[PDB]
2 protein chains.
Amino acid sequence: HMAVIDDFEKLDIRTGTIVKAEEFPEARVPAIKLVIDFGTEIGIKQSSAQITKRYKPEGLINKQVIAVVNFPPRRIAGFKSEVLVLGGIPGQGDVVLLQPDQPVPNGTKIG
Amino acid sequence: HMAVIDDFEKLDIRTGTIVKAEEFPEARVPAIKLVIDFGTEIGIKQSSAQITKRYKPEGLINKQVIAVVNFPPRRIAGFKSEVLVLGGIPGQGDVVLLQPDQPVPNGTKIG
């Protein structure tokens with residue numbers, strides 16, 4: 001139950017901008033396919049995000065989001081999800097996205 | 001270097017509301033003491049945050065923040081800092097706080 005700072009330092013947590021978002025009707029659990037620009041050191045990354053409760057694709061473009069970018073990928077229905085986009089989880093199937101409280105460059109590190 | 005999801009699962013990342021904010025510097029760097037309500041289970045925690053570049057105490061009260069709650073405490077700026085408040089780091093001495101993009105209850109878990 002207790003972590004150390006070393007646990008946290010293993011993670012590469014970064015800001016990126018949603019540049020594409022589409023409904024993902026092939027996922028078992030409702031999801032949106034995201035493409036996110038993490039700047040040129042990290043690259044442009046795909047994510048499958050179970051965020052259909054509060055969000056629509058037309059509302060996601062140009063949002064700054066927060067993701068762990070140094071995990072192995074997960075394939076769902078053939079789509080390669082490359083990053084874990086972080087959010088608060090107020091209840092089952094519910095997500096509230098995290099964001100920097102003001103704009104920062106893509107690839108800005110979190111600590 | 002790469003991480004695995006359970007490096008992430010070791011962390012307990014929670015939302016909380018800043019209920020008090022005071023200037024509490026170190027000798028060599030300014031800093032703010034945050035008193036944060038993480039809801040009824042976690043309770044009230046304190047944090048030393050080097051966030052004075054963009055923020056004043058008056059602009060911090062009532063803000064929902066994101067923090068790692070299950071680290072060992074550390075002594076800093078004359079008190080026990082119990083929680084790591086997360087922000088983007090755009091440059092030397094600069095911090096942009098993370099927030100939920102919409103209000104969530106205190107103690108909402110991040111995933």
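Chain A carries the name Protein csaA in the PDB entry, which gives Bacillus subtilis as its organism. Listed in the archive, the entry goes by the title "Crystal structure of a secretion chaperone CsaA from Bacillus subtilis in the space group P 32 2 1". Per UniProt, the comment on chain A under Subunit (literature references left out) is "Homodimer. Probably binds SecA and prePhoB. Probably interacts with proSdpC." Word for word, the UniProt comment on chain A under Subcellular location is "Cytoplasm".

(A) Structural detail: the interface of chain B and chain A. On the chain A side, the residues contacting the 36 residues of chain B number 36 residues. Looking at the side of chain B that touches chain A, the elements that each hand over two or more residues are α1 (5-9), β4 (64-68), β7 (84-85), β8 (87-88), β9 (96-100) and β10 (109-110) of chain B. The biggest single contributor to the side of chain B that touches chain A is β9(B), with five residues. For the side of chain B that touches chain A, the residue count by class is 22 nonpolar, eight polar and six charged. The pairing of strand β8 (residues 87-89) of chain A with β10(B) spans two bridges and is classified as antiparallel. Along β10(B), the bridge assignment pairs A:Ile89 with B:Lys109.

So, how was this worked out
Entry numbering is not used for residues: they are numbered from 1 along each chain in the order the sequence is written, which may differ from it, and residues without coordinates are omitted. Lettering of chains starts at A and numbering of ligands starts at 1, both following the order in which they are written. Only hydrogens and water are removed before side-chain values are computed, so all heavy atoms of the structure are retained for them. Residues with missing side-chain atoms are left out of burial classes, side-chain pairs and their counts. UniProt positions are given in the numbering used here, feature names are shortened, and annotations may be inferred rather than shown by experiment. For this analysis, residues touch if any pair of their heavy atoms sits within 4.5 Å. Under the DSSP-based scheme used, a helix requires at least four consecutive residues in state H or I and a strand at least two consecutive residues in state E, with every element numbered from the N terminus. Only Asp, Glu, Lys and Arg are considered charged in this grouping, and only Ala, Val, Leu, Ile, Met, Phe, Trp, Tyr, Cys and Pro are considered nonpolar; every other residue, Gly among them, is considered polar. Any two strands with at least two DSSP-identified bridges between them are counted as paired.

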